[PDB]
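quick one, fold the following:
(2 chains)
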There are 2 protein chains.
Amino acid sequence: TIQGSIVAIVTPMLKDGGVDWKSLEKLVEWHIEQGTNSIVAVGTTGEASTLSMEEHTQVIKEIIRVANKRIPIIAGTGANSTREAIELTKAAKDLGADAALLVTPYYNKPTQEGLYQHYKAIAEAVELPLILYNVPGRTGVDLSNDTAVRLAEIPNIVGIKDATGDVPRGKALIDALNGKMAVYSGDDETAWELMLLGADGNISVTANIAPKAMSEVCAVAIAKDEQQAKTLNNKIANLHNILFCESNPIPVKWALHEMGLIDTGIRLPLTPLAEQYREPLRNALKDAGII
Amino acid sequence: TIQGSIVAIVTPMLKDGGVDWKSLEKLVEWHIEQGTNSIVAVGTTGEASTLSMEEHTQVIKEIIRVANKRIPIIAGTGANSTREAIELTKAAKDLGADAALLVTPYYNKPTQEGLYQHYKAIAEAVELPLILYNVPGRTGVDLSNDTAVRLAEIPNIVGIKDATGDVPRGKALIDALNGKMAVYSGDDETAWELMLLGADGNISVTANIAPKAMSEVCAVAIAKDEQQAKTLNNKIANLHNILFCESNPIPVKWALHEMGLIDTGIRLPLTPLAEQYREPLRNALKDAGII
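Residues are numbered from 1 along each chain as shown, chains lettered A, B, ... in the order given. Please see the structure below:
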């Protein structure tokens, strides 16, 4: 079972939109050196929806290559179709992925039983650990805590990325699960709160720019040192807020660019962070001591 | 130009989930017989999400063939990736569709400037009539009235399916644009009001089970017959509500089965209408004398 800081790594791109393989190579290296505990390849933050299916596999492949078995690697393989989700997960398995993260089908609004039958099908079709992923604001659907508990029975559904940022509800989730599957915060602002409550880690967007900090915040929070957790997190607290001035990964991508770590490439319908924000961000980055 | 009752046609399926061609064919013919003004092939209602690209095309082409030029055909070609929406659209033109309905990118939450760039890129890349389609509940984004007004300036972005169901906001939109671009309703229960206030039609779900009734309702409301429109619509008002008791097209596909027009095939993550709504729906279809 994966624990700690799990970065939702962006997918670096050259000015013309092509994947920047070198920055990625160096980004992966940097994370391991910095304390990052795991990496989610081609998730939402990784611009999964604008990458060629081939690009999808190549990215997973490159990351697993550079990672070199040092830290676990999770590949994003969620899709709003069930046939399609199995296909992408089968592949992840074959590429050597430690586990897979699958966001609840988006846009087509399946029912609760739909979400159940959907993951049950994928669990049965592929023998790879699966991490569920709920984010109502983006998907148009909310996987109820009850449905999650049902799915937690399945031997290879190992966790859930709860990105609601509703901590009380996360408290109830963690309590109801009786440990049957891990829980990850999918909301950087509250993550430390969720781990103090029992969550196993943070599938972090912030970890993209403060991998070391997020790594200690996760350690300490998991250890239930509420005192040291709040303290360590206050330091990067503003980051958690400013990285969403515009939809993720728009801001973190720029943040990284200002850190001289990657270029300005980002694919439509996504755009480069809007001017107005570029300065406040540079300020937030300076205050936090990353620049 | 394209006006009236536009059916967002379901994609019939055999018990094993395969596209049921013959049933579809009979459906299209039927719609033409009963008075439907045009057809949306492979929209949300047509299960776009769960049909391979090859099936996308096959379905758009069978429908164009069987229509045999008698009513315009609109191909649903939306996608959340801009370059890939361009492909789907190219294909629709090449296959001879009269227009393309494109939902706003879903899940990846583009900004407004992104929605603008997204649509502008597609309009310039394909010379075919394009219709926007806003439906925040599913997509996670909300194309703003302002933004839609901006895109109307583009010669071939000719309309917008407004599924908000917000009449005030819809009427404001209609006024804001001169007949600069069409406005189609995407909420069956408010459509009659929307058309009365200026809309040019209704990209309908209920049109799947009451094709002629809706023809009439649309014709009358477009004629601005407030009173005939209100009574003609009451005879099917419940249908509008009950057909959404569970995510569309789950209910409409079952209604169509209970009318012995289609089989029960439906693809995961979607499922057959839940047991508990079947009789209430049978009762709904009898009340409106559909069976």
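
for the stretch 101-250 of chain A, which residues are neighbours of chain B?
Proximity of the stretch 101-250 of chain A to chain B is confined to A:103, A:105-111, A:113-115, A:117-118, A:121, A:137-140, A:246-247, A:250 under the rule CB under 8 Å from any CB of the partner chain. For every residue, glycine as well, the C-beta is placed using N, CA and C.

one more pass at 6 Å, please.
A:105-111, A:113-114, A:117-118, A:138, A:140, A:246-247 (CB under 6 Å from any CB of the partner chain).

now do stretch A:222-239: distance to the chain's middle.
19 Å (CA atoms, centre = their mean, to the nearest Å).

same question, stretch A:152-159
So, by CA atoms, centre = their mean, the centroid of stretch A:152-159 is 19 Å from its chain's centroid.

stretch A:37-57 too?
With CA atoms, centre = their mean as the basis, the mean position of stretch A:37-57 lies at 10 Å from the chain mean.

ranges for the helices of the stretch 151-291 of chain A?
A:167-177, A:191-196, A:211-222, A:226-242, A:250-258, A:275-287 (DSSP state H, counting those that start in this stretch).

can you pull the contacts of residue A:152?
Residues counted as contacts of residue A:152 (CB atoms under 6 Å, 6 or more residues apart in numbering or on different chains) are A:177, A:180, A:181.

quick one, phi psi at the second one?
Same thing as residue A:180. Main-chain dihedrals, residue A:180, degrees, to the nearest 10: phi -50, psi -30.

tabulate the helices of the stretch 151-291 of chain A in CSV, adding columns for mean neighbour count.
Shown next, in CSV, are the helices of the stretch 151-291 of chain A (neighbours: other CB atoms under 10 Å in any protein chain shown):
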stretch, mean neighbour count
helix A:167-177, 16
helix A:191-196, 25
helix A:211-222, 23
helix A:226-242, 17
helix A:250-258, 23
helix A:275-287, 14
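
between the ones you listed, which gets nearest to residue B:60?
helix A:250-258 (33.3 Å; CB to CB).

centre of the chain to the closest one, how far?
Worked out by CA atoms, centre = their mean, helix A:250-258 lies 16 Å from the chain centre.

now do it: everything it contacts.
A:10, A:205, A:208, A:209, A:243, A:245, A:262, A:264, A:266, A:273, A:281, A:282.

quick one, strands of the stretch 51-200 of chain A?
Ranges of strands within the stretch 51-200 of chain A are A:73-76, A:99-103, A:130-134, A:157-162, A:182-185, based on DSSP state E, counting those that start in this stretch.

list the buried residues in the third one.
Buried positions in strand A:130-134, judged by neighbour count with 16 or more other CB atoms under 10 Å in any protein chain shown: A:130, A:131, A:132, A:133, A:134.

out of those residues, which is nearest to chain B?
residue A:133 (11.7 Å; CB to the nearest CB).

show me what the closest one is bridged to.
residue A:103, residue A:161 (DSSP bridges).

if we can go back for a sec, by neighbours, which of the residues of the stretch 101-250 of chain A next to chain B wins?
For those, the largest number of neighbours (other CB atoms under 10 Å in any protein chain shown) sits with residue A:105, at 29 neighbours.

distance of that one from residue B:16?
From residue A:105 across to residue B:16, the span is 21 Å (CB to CB, to the nearest Å).

check the stretch 101-250 of chain A for the residue nearest chain B and tell me.
residue A:110 (3.5 Å).

list the contacts for the closest residue to that residue other than its chain neighbours?
Of all residues not flanking residue A:110 in the chain, residue B:269 sits nearest, at 3.5 Å (CB to CB, 6 or more residues apart in numbering or on different chains). Residues in contact with residue B:269, defined by CB under 6 Å, 6+ apart, are A:82, A:105, A:110, A:114, A:118.

how about those residues in TSV, adding distance to residue A:64?
Listed next are those as TSV, based on distance: CB to CB, whole Å:
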residue	distance to residue A:64
A:82	25
A:105	26
A:110	31
A:114	32
A:118	26
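
re earlier: looking at the buried residues of strand A:130-134, which is nearest residue B:57?
Nearest to residue B:57 among the buried residues of strand A:130-134, counting by CB to CB, is residue A:133 at 30.8 Å.

pretty sure the closest one contacts residue A:162?
No: Residue A:133 is beyond contact range of residue A:162, at 8.5 Å (criterion: CB atoms under 6 Å).

next, count neighbours for residue A:30.
Other residues near residue A:30 number 14, with proximity taken as other CB under 10 Å.
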